[PDB]
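Enquirer: Take this sequence and fold it.
(3 chains, ligands or ions: 1)
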Amino acid sequence: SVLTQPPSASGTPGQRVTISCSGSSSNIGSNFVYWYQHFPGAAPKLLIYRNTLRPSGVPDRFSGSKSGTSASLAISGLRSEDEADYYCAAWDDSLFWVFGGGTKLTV
Amino acid sequence: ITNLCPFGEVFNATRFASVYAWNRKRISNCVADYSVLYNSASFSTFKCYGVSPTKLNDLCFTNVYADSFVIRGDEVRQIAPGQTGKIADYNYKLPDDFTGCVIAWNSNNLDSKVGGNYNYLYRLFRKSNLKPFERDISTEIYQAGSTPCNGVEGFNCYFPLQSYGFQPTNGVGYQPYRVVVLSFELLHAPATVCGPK
Amino acid sequence: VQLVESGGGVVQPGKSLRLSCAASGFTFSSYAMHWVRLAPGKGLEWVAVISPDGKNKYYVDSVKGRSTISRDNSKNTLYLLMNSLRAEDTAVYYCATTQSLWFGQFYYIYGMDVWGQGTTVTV
Ligand SMILES: *[C@@H]1O[C@H](CO)[C@@H](O[C@@H]2O[C@H](CO)[C@@H](O)[C@H](O)[C@H]2NC(C)=O)[C@H](O)[C@H]1NC(C)=O
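Expert: Numbering: from 1, shown residues only, chains lettered A, B, ... in the order given. Coordinates below:
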């Protein structure tokens, strides 16, 4: 996993938590990074694609942005039922789909 | 010799255009000194598809076009006849037959501020391969498949312009490179640009 | 858009396995398929990408030259063949369908969109 992420994060329910995904200039720069969530014992789902868009059926709380060779995601109005692992995946310039280490969120 | 060409204006410039709308300057009616710019070694890559550079001052033309833009250091080779990719396919493609020189020099120090530049954008996802010497400033949202997006963004509808991630420290690969293409044209009118007598 | 998988039984090291992903609810020939894996105690790891036409495909470095990806449009099926497995290969493997319609050879806009059920594999 070329990408690096904080080992875990947590907070109170509703202080606009943030998660940062760090990577080199050949993975998350000059390309796009998509953020998915993995529930315990359930199939992963797409949350953010193209660094700003969102798919149908996903609330407006989740937001994402890129600030150069690194991306960030923000969840406002966090609820107790958002426990999951958040993965940031980008396309390496050469041949790869580099995945992030993960982010174990707790409330 | 009385008057020289304005190579300084197009070479030494602060506000330097992006690639998706590459700057074009028309040079004529002036004496051009190619020896002075060739001798200097500041230029990283100096290719000339056509006449030999050292004899450039021995040739006379009626018009020359100075295209100029900025690209990633890695993909500077794409500026040449035949080669295809993401710069010579959708942004700036030279014709298969060519006559000009392609100067390209590193500009990492002058660009790529500490927090990023973001002032250089390159086109992506063009509807069809670009014909030679065409610029497309259009920012209309791209589409594919069958469903047309009503000015919105999502699956099957992309934003064609993507920004660079220039940083002061990126390596010789992903660093800014300023490229200037000097394309001559003989046409039919009497030649104006010439070398020193 | 319903995706299911079958195969991936308990197999000892050095043997060969075939995983079959079945898709329904959309045009299977207009999308590029992705294979990924989730290993215990490790983050999601990409495995391979296969184009709808099958002419262009790519593999991850770890699984390179010891696997095969194939797709059958007529039967709407996706076959992954693994050979010469090892201890670390044990993981829950997943088949993913891109939502963006294929319109070229880019492979960075093609998203790992809505996921499959996925099946465990133990070496
Ligand atoms: C662009 O600017 C550079 C730097 O100024 C020029 O390179 C030399 O600059 C010093 C002082 O700035 C002059 O004394 C030298 O004469 C310059 N070199 C040459 C070969 O003349 C550079 O010349 C400028 N560009 C052009 C086209 O003249």
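
Enquirer: From here on, just use CA atoms for contacts and neighbour counts.
Expert: Fine.

Enquirer: Next, the residue most central in space within chain A: phi, psi?
Expert: When Cα atoms, centre = their mean is applied to chain A, the residue found nearest the centroid is residue A:35 (3.8 Å). Note on residue A:35: backbone dihedrals following degrees, to the nearest 10 are phi -110, psi 130.

Enquirer: was I right about it contacting residue A:50?
Expert: No. Counting by Cα atoms under 8 Å, residue A:35 stays clear of residue A:50, with 9.1 Å between them.

Enquirer: tell me which parts of chain A are close to chain B?
Expert: A:25, A:29, A:30, A:53, A:54, A:68, A:69 (Cα under 8 Å from any Cα of the partner chain).

Enquirer: burial measure for residue 81, as a count.
Expert: You didn't say which chain, so I picked chain A. For residue A:81, the count of nearby residues is 9 (other Cα atoms under 10 Å in any protein chain shown).

Enquirer: wrong one, chain C
Expert: 14.

Enquirer: Other residues contacting the helix or strand where it lies?
Expert: Applying DSSP states H and E as the criterion places residue C:81 in strand C:77-83. Residues from elsewhere that reach strand C:77-83, judged by Cα atoms under 8 Å, 6 or more residues apart in numbering or on different chains: C:14-23, C:66-72.

Enquirer: Spit out the contact partners of residue C:38.
Expert: So residue C:38 contacts C:44, C:45, C:91, C:92, C:93, C:94 (Cα under 8 Å, 6+ apart).

Enquirer: Would you mind giving those as CSV with distance to the ligand, neighbour count and secondary structure added?
Expert: Shown next, in CSV, are those (distance: Cα to the nearest ligand atom, whole Å; neighbours: other Cα atoms under 10 Å in any protein chain shown; DSSP: H, G, I helix; E, B strand; the rest coil):
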residue, distance to the ligand, neighbour count, secondary structure
C:44, 51, 26, strand
C:45, 49, 21, strand
C:91, 59, 22, strand
C:92, 60, 18, strand
C:93, 58, 24, strand
C:94, 57, 26, strand
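
Enquirer: on that earlier part again, and the contacts of strand C:77-83, which of them are buried?
Expert: C:17, C:18, C:19, C:20, C:21, C:22, C:23, C:67, C:68, C:69, C:70, C:71 (16 or more other Cα atoms under 10 Å in any protein chain shown).

Enquirer: The third one contacts residue C:8, doesn't it?
Expert: Think residue C:19. Yes. Between residue C:19 and residue C:8 there is a contact under Cα under 8 Å: 6.0 Å.

Enquirer: Now do the strands in chain A.
Expert: Using DSSP state E, the strands of chain A run over A:8-10, A:17-22, A:33-38, A:45-48, A:62-66, A:70-75, A:85-91, A:97-99, A:104-106.

Enquirer: quick one, helices of chain B?
Expert: Along chain B, counting by DSSP state H, helices occupy B:7-11, B:34-39.

Enquirer: Of all the residues in the first one, which ones are buried?
Expert: Translated: helix B:7-11. residue B:10.

Enquirer: what sits against residue 102?
Expert: Reading this off chain A. For residue A:102, the contacting residues are A:5, A:6, A:7, A:8, A:85, A:86, A:87, A:88, C:43, by Cα under 8 Å, 6+ apart.

Enquirer: Chain C is the one I meant
Expert: By Cα under 8 Å, 6+ apart, residue C:102 lies in contact with C:30, C:31, C:32, C:52.

Enquirer: The last one: neighbouring residues, count only.
Expert: Looking back up the chat, that one is residue C:52. By the criterion of other Cα under 10 Å, residue C:52 has 19 neighbours.

Enquirer: I'd guess it is in a strand, am I close?
Expert: No. Counting by DSSP: H, G, I helix; E, B strand; the rest coil, residue C:52 falls outside a strand, being coil.

Enquirer: which residues touch it?
Expert: Counting by Cα under 8 Å, 6+ apart, residue C:52 has contacts C:28, C:29, C:30, C:31, C:32, C:33, C:71, C:102.

Enquirer: if you set the cut-off to 10 Å instead, what comes out?
Expert: C:28, C:29, C:30, C:31, C:32, C:33, C:70, C:71, C:72, C:73, C:102 (Cα atoms under 10 Å, 6 or more residues apart in numbering or on different chains).

Enquirer: cool, and the second one?
Expert: By Cα under 10 Å, 6+ apart, the contact list for residue C:31 reads C:50, C:51, C:52, C:53, C:97, C:98, C:99, C:100, C:101, C:102, C:103, C:110.

Enquirer: Any of the residues you listed buried? List them.
Expert: If we count by 16+ other Cα under 10 Å, the contacts of residue C:31 have these buried: C:50, C:51, C:52, C:53, C:97, C:98, C:99, C:100, C:101, C:102, C:110.

Enquirer: Hmm, residue A:23 and residue A:72 touching each other?
Expert: No. Using Cα atoms under 10 Å, residue A:72 makes no contact with residue A:23, being 11.5 Å away.

Enquirer: Spell out which residues are contacts of both of these two.
Expert: Joint contacts of residue A:72 and residue A:23 (Cα under 10 Å, 6+ apart) are residue A:88.

Enquirer: neighbour-wise, which of the two wins?
Expert: Neighbour tally, residue A:72 and residue A:23, criterion other Cα under 10 Å: the higher count belongs to residue A:23, 22 against 17.

Enquirer: Burial check on the residue nearest to that one when sequence neighbours are not counted, number of neighbours?
Expert: Distances taken as Cα to Cα, 6 or more residues apart in numbering or on different chains put residue A:3 closest to residue A:23, at 4.7 Å, once the chain neighbours are dropped. Look at residue A:3: counted by other Cα under 10 Å, it has 19 neighbours.
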